[PDB]
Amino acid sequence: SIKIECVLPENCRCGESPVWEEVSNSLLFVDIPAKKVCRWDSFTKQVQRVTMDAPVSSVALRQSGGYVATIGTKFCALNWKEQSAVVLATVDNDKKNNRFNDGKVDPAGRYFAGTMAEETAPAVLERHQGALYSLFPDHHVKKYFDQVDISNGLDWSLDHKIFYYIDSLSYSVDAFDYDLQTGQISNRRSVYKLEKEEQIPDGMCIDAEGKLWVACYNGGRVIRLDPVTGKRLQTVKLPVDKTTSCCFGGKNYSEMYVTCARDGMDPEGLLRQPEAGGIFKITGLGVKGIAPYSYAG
């Protein structure tokens, strides 16, 4: 009764950062090395595309209007209709081949995003070169920690007391105590270690029951995790191997949207997986998610 369909065969090089915009019933997402932000209207089925001058690794809603995005190593505000971005802040000013990777807005409107060294591939990048940052509403940037290999999926518990975080090459989903008032995190611990067949943990979202959904890059699946009991609750396999991230959207957040990547596939894979890089929608899971937060600056 679980239905998986490709709703948009966008053939992304590396589709990422799905975000649901409930005021327009649209899905935003990026295609990182194509430098591309996309917005798909789920009612008209139309997609709009904008291309930036550097890799675009995440996008988020901005409450005052437009969007925010991580472009290269810069936090930026985007005016969609003017096709214009303004730089809010720049990070990793000493590295000279880094980029932002995954990012998401916290329950107080702060845009968290982490970095990584750029890659010729998974493990193939300079190691431990990233850091986790957050852009506060007053446009100050906080640096939380470094030594990150690949900053990836992240989300917050429903009572806004825990921050969940993936550094991919740790193969671990971690938790921190989190203070909603100051944005401060502490007491890092692992909540879940992936199995071999689950491959590399990539993007992540929480659901309305407090469970975590993690996209498994090269594992062709999302997994549902109980961060309190530490147990995997479910596996949902997709028709593509390079599953990168996931969010809930649609009617009452009852649908899951999954991004994936076409880069790195050989001909043979591409036959077999002709919708690689598409946007997939999973219905019938019997769980709902929650709305995303919007940047407050």
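Numbering starts at 1 and runs along the sequence shown.
Undergrad: For the C-alpha atoms alone, is the average B factor greater in 178-186 or in 120-128, going by the entry?
TA: Per the PDB record, 120-128.
Undergrad: Select between 82-90 and 98-106 the stretch whose C-alpha atoms have the higher average B-factor in the entry.
TA: Mean B over CA atoms: larger for 82-90.
Undergrad: Could you tell me which one of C205, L158, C76, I223 shows the highest CA temperature factor in the PDB record?
TA: Of the candidates given, the C-alpha B-factor peaks at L158.
Undergrad: For the C-alpha B-factor as written in the entry, point me to the maximum among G153, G210, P137, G72.
TA: Across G153, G210, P137, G72, the entry lists the biggest C-alpha B-factor for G210.
Undergrad: Would you mind ranking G15 by its C-alpha B-factor against the rest of the chain and naming the third, lowest, middle or highest?
TA: Tercile = lowest for this residue's CA B-factor.
Undergrad: Among the chain's modelled residues, which third holds the C-alpha B-factor of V191?
TA: Top third by C-alpha B-factor.
Undergrad: Taking the chain's C-alpha temperature factors as the reference, tell me which third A291 falls into: lowest, middle or highest.
TA: Ranked within chain, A291 CA B lands in the lowest tercile.
Undergrad: What third of the chain, by the recorded C-alpha B-factor, contains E22?
TA: It belongs to the middle third of the chain when residues are ordered by C-alpha B-factor.
Undergrad: Looking at the entry's B-factor column for C-alpha atoms only, identify whether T51 ranks in the lowest, middle or highest third of its chain.
TA: According to the entry, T51 has a C-alpha B-factor in the chain's middle third.
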